[PDB]
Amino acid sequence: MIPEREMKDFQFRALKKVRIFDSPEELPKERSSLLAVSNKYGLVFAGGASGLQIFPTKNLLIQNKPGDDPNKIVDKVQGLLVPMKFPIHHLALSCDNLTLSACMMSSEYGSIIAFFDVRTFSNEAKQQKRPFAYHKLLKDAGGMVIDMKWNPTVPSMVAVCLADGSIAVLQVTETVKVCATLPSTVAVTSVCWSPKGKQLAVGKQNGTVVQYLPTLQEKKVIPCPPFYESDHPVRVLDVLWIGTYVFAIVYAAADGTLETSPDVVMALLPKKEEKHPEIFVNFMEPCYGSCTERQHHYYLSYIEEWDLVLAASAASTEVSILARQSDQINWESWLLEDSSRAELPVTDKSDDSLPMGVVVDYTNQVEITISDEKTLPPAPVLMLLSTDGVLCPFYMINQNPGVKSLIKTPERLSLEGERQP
């Protein structure tokens, strides 16, 4: 049925857990994405109900020493607090790493996206770090950003999808231009750029994935997979465009129910020169769901050089991997050993913490200290922000044959060109 494989050549290796925000009173339920990472400059951006926090990435990464309790949480670490008048539900970074978008809901005023010039964070002569441009979504409740993604190759371009079903493509330079929009009746639920950033794929309430040029002129429809019946109707919850004809697509119950659990589906598409149907493979619940209280959300990302997909989910304490096979076409679950997994911790009140944000650092330069005597070269670090306000870093050690080191040395941010309010 679901293809699976004991992988002894991959392990997640936990670094110390680091508290960023104070534990909340209630479990945060809404769809959110609160971690961003500058891999160009080595910064991490964390957000919550309670401000925005920026750290040099290496400050957040602390290795266990022999003797230390690997379950002890570090209390704080030096970073910068930028006060925010309202709670943040989404953070993202442009592909040049110079624009941070912060999405906020105000009960009074509804939603707004603040855009920060990332140099301002480094500008010692600004005691207050203000955004240089806002974008106000006239909407109040239906104005919650539920997916928002910067273009991987056009630094000024960002795609934003709202709760009411509407969508917009924005251009953010020294100010904010609306380039394209589609109204709420289109029913967008999720959004994702092509690898080269030439098209936008949007998931939809009706279960389809439509492709678009950035001008939002429609290019290709992926139908709702045949295995779903009419009396079990579904919606795209999240989508990841991996290759031109390859996607990860997550389906969830159309009606919003939290009880049913989402299916991660890999989809291979035919070409113009083929009249094959679409191949779908249901891997189902690779991140096992312990929680039915939160809005569903899969955090998906592809690591080309490793040809695999990392997956986390708002309802799960576990991170899962779907790898391409030696085959080069099909996918398989990687089943990892007990002490080499990536799981969010149990809170001190004995509840499960769950993911609010997920990123990978490639600027780590420190070597992994294994034994007293053994040391491995630096690895990428998976970082999860939890519902409890704790950051959870794990080295990703891929010892599979032929994999080239992904580490990339970071640069200094020059204040030149900083945009002003």
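Numbering starts at 1 and runs along the sequence shown.
- Of the other compared PDB entries of this protein that include residues on both sides, all give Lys129 atoms, none of them, and so not a third, leaving it without.
- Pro377, present in the displayed chain, goes without coordinates in a third or more of the other PDB entries compared that cover both sides of it.
- Set 272 to 280 against 216 to 224 and average the Cα temperature factors; 272 to 280 ends up higher.
- For the segment pair 32 to 40 and 372 to 380, the entry gives 372 to 380 the higher mean B-factor, averaged over Cα atoms.
- Based on the entry's C-alpha B-factors, the most elevated value among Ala314, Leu138, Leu98, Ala102 belongs to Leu138.
- Note on the listed residues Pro83, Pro183, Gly143, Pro87: the highest Cα temperature factor in the record is that of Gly143.
- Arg19 sits in the lowest third of its chain by CA B factor, as recorded in the PDB entry.
- Ranked by C-alpha B-factor against the other modelled residues of its chain, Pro195 falls in the middle third.
- Sorting the modelled residues of the chain by their CA temperature factor places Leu52 in the middle third.
- In the deposited entry, the Cα temperature factor of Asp327 places it in the highest third of its chain's modelled residues.
- When the modelled residues of the chain are ordered by their C-alpha B factor, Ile62 lands in the middle third.
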